[PDB]
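Chains, contacts and geometry: an overview
Here are the chains, one letter per residue:
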Amino acid sequence: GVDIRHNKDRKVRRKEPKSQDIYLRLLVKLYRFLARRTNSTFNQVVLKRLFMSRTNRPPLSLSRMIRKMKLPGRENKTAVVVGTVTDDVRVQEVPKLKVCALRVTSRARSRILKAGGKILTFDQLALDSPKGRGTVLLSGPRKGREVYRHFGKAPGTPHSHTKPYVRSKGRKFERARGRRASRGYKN
Amino acid sequence: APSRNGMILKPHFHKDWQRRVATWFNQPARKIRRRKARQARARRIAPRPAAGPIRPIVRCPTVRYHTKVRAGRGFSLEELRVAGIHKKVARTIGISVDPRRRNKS
Amino acid sequence: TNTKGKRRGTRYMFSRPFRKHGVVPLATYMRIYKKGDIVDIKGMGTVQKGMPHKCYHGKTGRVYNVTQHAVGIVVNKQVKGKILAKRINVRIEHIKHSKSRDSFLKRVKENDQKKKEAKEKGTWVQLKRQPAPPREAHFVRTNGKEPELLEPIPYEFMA
Amino acid sequence: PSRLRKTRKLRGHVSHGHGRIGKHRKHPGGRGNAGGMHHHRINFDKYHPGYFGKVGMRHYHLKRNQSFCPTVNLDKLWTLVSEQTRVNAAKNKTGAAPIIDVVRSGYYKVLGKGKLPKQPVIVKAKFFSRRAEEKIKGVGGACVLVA
RNA sequence: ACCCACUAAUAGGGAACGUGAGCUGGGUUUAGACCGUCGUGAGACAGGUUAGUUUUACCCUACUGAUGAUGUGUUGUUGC
RNA sequence: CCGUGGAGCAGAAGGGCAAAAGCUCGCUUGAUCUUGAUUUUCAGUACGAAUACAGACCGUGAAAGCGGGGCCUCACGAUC
RNA sequence: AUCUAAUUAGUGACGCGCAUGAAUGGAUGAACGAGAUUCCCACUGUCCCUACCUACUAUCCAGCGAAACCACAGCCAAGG
RNA sequence: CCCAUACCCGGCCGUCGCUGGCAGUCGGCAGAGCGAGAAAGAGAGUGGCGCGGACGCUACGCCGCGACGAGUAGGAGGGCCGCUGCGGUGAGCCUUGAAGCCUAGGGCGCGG
RNA sequence: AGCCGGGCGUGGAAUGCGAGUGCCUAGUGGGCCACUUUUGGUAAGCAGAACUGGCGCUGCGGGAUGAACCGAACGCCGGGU
RNA sequence: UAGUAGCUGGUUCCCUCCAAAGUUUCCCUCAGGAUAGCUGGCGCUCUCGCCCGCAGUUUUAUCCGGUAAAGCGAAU
RNA sequence: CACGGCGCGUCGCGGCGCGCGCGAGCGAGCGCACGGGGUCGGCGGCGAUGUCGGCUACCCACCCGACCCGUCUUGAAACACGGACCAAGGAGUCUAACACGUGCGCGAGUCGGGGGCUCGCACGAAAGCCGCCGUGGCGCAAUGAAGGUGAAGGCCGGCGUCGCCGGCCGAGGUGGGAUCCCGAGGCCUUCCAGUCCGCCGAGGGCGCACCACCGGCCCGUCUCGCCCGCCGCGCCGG
Ligand SMILES: [Mg+2]
Ligand SMILES: [Mg+2]
Ligand SMILES: [Mg+2]
Ligand SMILES: [Mg+2]
Ligand SMILES: [Mg+2]
Ligand SMILES: [Mg+2]
Ligand SMILES: [Mg+2]
Ligand SMILES: [Mg+2]
Ligand SMILES: [Mg+2]
Ligand SMILES: [Mg+2]
Ligand SMILES: [Mg+2]
Ligand SMILES: [Mg+2]
Ligand SMILES: [Mg+2]
Ligand SMILES: [Mg+2]
Ligand SMILES: [Mg+2]
Ligand SMILES: [Mg+2]
Ligand SMILES: [Mg+2]
Ligand SMILES: [Mg+2]
Ligand SMILES: [Mg+2]
Ligand SMILES: [Mg+2]
Ligand SMILES: [Mg+2]
Ligand SMILES: [Mg+2]
Ligand SMILES: [Mg+2]
Ligand SMILES: [Mg+2]
Ligand SMILES: [Mg+2]
Ligand SMILES: [Mg+2]
Ligand SMILES: [Mg+2]
Ligand SMILES: [Mg+2]
Ligand SMILES: [Mg+2]
Ligand SMILES: [Mg+2]
Ligand SMILES: [Mg+2]
Ligand SMILES: [Mg+2]
Ligand SMILES: [Mg+2]
Ligand SMILES: [Mg+2]
Ligand SMILES: [Mg+2]
Ligand SMILES: [Mg+2]
Ligand SMILES: [Mg+2]
Ligand SMILES: [Mg+2]
Ligand SMILES: [Mg+2]
Ligand SMILES: [Mg+2]
Ligand SMILES: [Mg+2]
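Residues numbered from 1 in each chain as written, not as in the entry; some residues may be left out. Chains lettered and ligands numbered in written order. Part of a larger assembly, values for the part shown. Heavy atoms only, no water.

So, about the protein's contact with RNA strand K. In the vicinity of RNA strand K there are 81 residues, among which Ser19, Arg64 and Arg180 of chain A, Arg38 of chain B together with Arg131 of chain D approach most closely. Near the protein, within 4 Å, the atoms of RNA strand K are sugar or phosphate in 72% of cases. In the environment of RNA strand K, a sugar or linking oxygen lies 3.3 Å from a nitrogen or oxygen atom belonging to the backbone of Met57 of chain D. Considering every element that reaches the surface near RNA strand K, the biggest residue donor is helix 1 (residues 27-44) of chain B, with nine residues. (Near = heavy atom within 4 Å. Polar contact = N/O pair within 3.5 Å; in protein donor to acceptor, adjacent residues only side chain to side chain. Helix = DSSP H or I, 4+ residues; strand = E, 2+ residues; numbered from the N terminus.)

A side chain of one charge can pair with a side chain of the opposite charge when the charged atoms of the two come close. Applying the stated criterion to the full structure yields 13 salt bridges over all chains. As a salt-bridge pair, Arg107 of chain A and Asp87 of chain A come within 3.8 Å of each other at their nearest N and O atoms. Residue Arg107 of chain A is located in helix 4 (residues 106-115), and its partner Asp87 of chain A is located in the loop between strand 3 (84-86) and strand 4 (98-100); the two are separated by 20 residues in the primary sequence. Residue classification places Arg107 of chain A among the exposed positions, given a relative accessible area of 53%. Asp87 of chain A gets classed as buried once you look at its relative accessible area, which sits at 16%. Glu79 of chain B serves as the salt-bridge partner of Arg101 of chain B, at 2.6 Å between the closest nitrogen and oxygen. Within this pair, whereas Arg101 of chain B is found in the segment after helix 3 (87-93), its partner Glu79 of chain B is found in helix 2 (residues 77-82), the two being separated by 22 residues in sequence. Classification of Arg101 of chain B as partly exposed rests on a relative accessible area of 25%. (Salt bridge = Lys/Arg side-chain N within 4 Å of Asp/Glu carboxyl O. Buried < 20%, exposed > 50% of the residue type's maximum accessible area, 1.4 Å probe, protein only.)

Residue and element names in this part refer to chain A. Inspection of the secondary structure assignment puts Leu102 in the loop between strand 4 and strand 5 (103-104). In this structure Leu102 comes out as partly exposed when scored by relative accessible area, which is 32%. Taking C-alpha positions, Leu102 is 11 Å from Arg49, a pair spaced 53 residues apart along the chain. Those residues in contact with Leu102, other than ones at most four positions away along the chain, are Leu27, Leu50, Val81, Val82, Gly83 and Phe122. (Contact = heavy atoms within 4.5 Å.)

This brings us to unusual backbone geometry. Note: most peptide bonds trans; most residues except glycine with negative phi. Notably, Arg19 of chain C is not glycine yet its phi reads approximately 55°, a positive angle. Residue placement: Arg19 of chain C occurs in the segment before strand 1 (38-41). Judged by its relative accessible area of 72%, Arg19 of chain C falls in the exposed class. Phi at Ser15 of chain D is positive, roughly 110°, even though this residue is not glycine. Among the structural elements, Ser15 of chain D can be located in the loop between helix 1 (6-9) and helix 2 (41-47). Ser15 of chain D gets classed as partly exposed once you look at its relative accessible area, which sits at 31%.

Structure below.
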């Protein structure tokens, strides 16, 4: 008999991608080897992010990437994102960038290639920089999904700006009792 | 009974909906039959246009669509008269004609 | 069941001490509370304006807002299985500076001073408060008088 | 598929994952949205405030087509025309400005949100906003109304 | 409970307030009725009154009796 | 003359109160308009009640100030 | 009061009637009643207190043959 | 002195943790290491005969160390557990005997 | 009071231990018992509370027997105590 | 019309891991629900191989109280 | 006595401590074992129609243990209920909606589901194609009951006690932040000069996502106050 608790004995993190495609699994093999036979933690972070799910790999926009690479000090370094690089149409001037991503939108790829940059895939990234020196690791906005507007402190409760679940927006849908001081109460 | 959190729903299945159900298992057969009838009529009218009579230019009657142009029901009598076409001969020579439409412009 | 009145069961908690009724001494009114002082709550029944609820009596909080006559303070309250840091407004009579913080402040000043000193001397000095160590060996000198016997006394009834 | 569902793993457990004390009865709380104000009041108030009551005016024969008015923003404003148009206007020296008609592309009102690149534009629309107007004027350009 | 008589004495109790596939069914306690009190009424009354189907054992055990079994080689007589 | 409250403060009780919160006069209507925050039951939701503010119009006083109902703890009510 | 040795029964009176009473009928009453009660004569196995006899069964045999019921089953005392 | 499923030592199963190790099978074109108390190069350079060497690695694999293992209601995972039919595949099986059924026979798996 | 800039590491009690955070969510909403405290009751294997631990959900050694007591909580085995 | 049932009865293979509640508030609510609480699953953000935090524990300081006890030569 | 060379020995207190050179930090073999988990390079018998082995499984005996399951229940072996036995059948399914988590394609877009074109037709009622068939849905803008309105700005020259035109720069700030950049110093062997390449690393940078906080902008509403525009100078508009 030992006075211990087994509730949190097992950790929940992912050991391998839930996906079944073969290209991602080959990438996982390569980066598993790199992470376990290299002291650099960039490989560990990249492999962990390869394991993650789709909603945990949000797309990164061209405007975000250029904005985060225009910061001082990080010139002529390769921007690495484990998600999808999507094009942003509300930006005219695009510089030359050295991008690496699993997949890139067709229009975004056309824009970068026209601007003069080059697109890399995580394989060739391994060949170029195994330990990943000169890399700027970016990611898309994880809280960008609209489901996060429904989360948190419940609506109809003071100081809670949480979106309710309504089938249609209008004046006849959840506007009368809990939303007005004129009818009952106002939270 | 409501669960923790979710949407209030109003499913309209409080009638005997299972007696009036329209399955679409005859959709491909319907498409085949419509096609066959279409080609049969096209063969029946030998040199005539398969689509039918020509139709006129009309503007959609709404703020939402008044920028678009449709195909109308038929040419009106003012247009036929000013084009020199008899209202009775237009139909037999292939012009769709209706007398309801006016011409404000 | 019980009653949910705001002052239920406070006949001794909000009462005044023996032979201490009457005019509130003015020193309580003439103290300065700034933003961030650690302060004690003790409801005084002499004044009824801005009296804290009975569940904060004897609790210590942190001042976060200062106002003409009252002070807003953040204090922790244990509600079932969770603790809420909630902010309440108390008039200045029912409040009192906590002396638990000034001791630590004085200790900070003093050990900072003794750290600044002896820095040039290079000697070692202890700052952490070690717990009471076990007593060290020593000698107990008898002065020629032998210790006297102690014996239990016989039982004999009093009442 | 029925292969992967919880029922297959539940065979042999008398109870079927619904408890022994409180069984799986027919409708313990009432059907549908019953008791919204009586015994589901806490849930309704906590998760759907404003459900009960009336507010606003009644409009009987509503026609969405009258109020149809799609909007566009200035950051998207240059995407209505081809890129070659914009670059030609950019390297043009005569000062001529391209004409962008949002009604042709299916927008009625122009709202001014994004930053506008510094080149003259002739924006013709049906409705404008004050900030969009001032953005166009500041960048240099013209605002034209159409019906 | 009370009384009459005898007696030696007419002590007190338990056993699912022993005992209804043992009896009886007078009483409680269905449905029919009557009276008194209560209720506007249908009706109510630890109020009174009258009439109101009491099913089954061949099973197991228990018990009462009746064959028999058990070892002494087989049987029989007399016996403890 | 003595008188620490042994009286009174609308009401139950408890707390509180002496150049006052009691008694008597003077003048008044902060029991007025308005947005937020907080406490009490609490799910930390409403109602009710209450607490500090802030913005105007005022009352009172020589003034500092005090006052947006009753010295505090109770006297009250969603949708349509 | 009578009836008996003995009477919570019956009858006849008494009436302060918990709560009798006049076509929600009061009182009486010949004849009648598979109506409800008490007493007396006669008669008797109802009983003291049981016994014997007859017929059909039950019993055994030839033939023919179900059903109720059945967790497993079936010797007791005490304990829990 | 006696003994519990408790405690100590040992074996075995499984779970969890180390988000541990292994692509270095680098071979006459080679040189067999990265267990060793001390953050980091068996560093590269310039001047004063016999032809030879086990296993491995379904990487969704293999291997090494520790700790742990009760369970109703309930939740989750893995089943090379099972039943019926469909698309593929086994140059599959079968009148020299399929399905089904019976068995004091030989076995496998903790179990289905 | 808020802002900037600058200097100070002996990380200022003991002991132990990775921590924080977000969704979705079943069952439950009849309880009972014991030391101590305690209300009603003559009292009860009665009725009602507070704290902790148990039983329920739990087998094992002991109390002959036993939901709760004493010891001790459990993968399949050998040895020892 | 397979009418409704907050009420009985039943609810079909194996192993592995985790593991409860009969309590709060509201309800013509009291054999039932909703809501907190207790559970599981899925993760994610970092961490060590100088330092961060946390604790059903103690220590050093500092406040809070009106029970056990005691008192009536002190108030009631 | 886990003492053992020679020196230059101050590297020194008076010698010991304790430094600098000595082809420059390379002596080799054998052997025994209380040494990173057992071996014997030790043996003996009995084997053809009566004997050898067969955990389990067939029957039987013995010792210990052992109450009949399912169910409701605080509590079941219960003097609680269902159950004589056997075979077959037998109960969380399908549609719609919603939410969330996961896998795939495309991505500010996305989706032909309806229709049409494909010599209709074993499969094929499938599959392919439409792109001037994206009507349309969802998303890209919110807010207000409605009329309606509808999402940054920061610096210099031109009249700080600037009216007001240009030159610009551009979508905030603080704290914490995985990673990356730099890098004082530091990683060896005859010495010595002197490199290359790679690893280490004080401190210092740029700081993803995300959290907290402070600002800013859009719509409704309230308070205060001034200014500006004209096709119609007004109960106008900003
Ligand atoms: Mg264990
Ligand atoms: Mg868990
Ligand atoms: Mg539920
Ligand atoms: Mg279960
Ligand atoms: Mg239920
Ligand atoms: Mg249901
Ligand atoms: Mg009997
Ligand atoms: Mg009778
Ligand atoms: Mg009767
Ligand atoms: Mg017989
Ligand atoms: Mg006065
Ligand atoms: Mg004011
Ligand atoms: Mg007054
Ligand atoms: Mg008689
Ligand atoms: Mg009489
Ligand atoms: Mg009468
Ligand atoms: Mg009369
Ligand atoms: Mg009468
Ligand atoms: Mg016979
Ligand atoms: Mg062990
Ligand atoms: Mg287990
Ligand atoms: Mg058999
Ligand atoms: Mg229940
Ligand atoms: Mg009790
Ligand atoms: Mg437990
Ligand atoms: Mg136990
Ligand atoms: Mg005993
Ligand atoms: Mg043992
Ligand atoms: Mg049914
Ligand atoms: Mg019920
Ligand atoms: Mg029940
Ligand atoms: Mg008390
Ligand atoms: Mg006492
Ligand atoms: Mg035995
Ligand atoms: Mg039952
Ligand atoms: Mg239970
Ligand atoms: Mg019974
Ligand atoms: Mg029952
Ligand atoms: Mg039965
Ligand atoms: Mg079957
Ligand atoms: Mg849900």
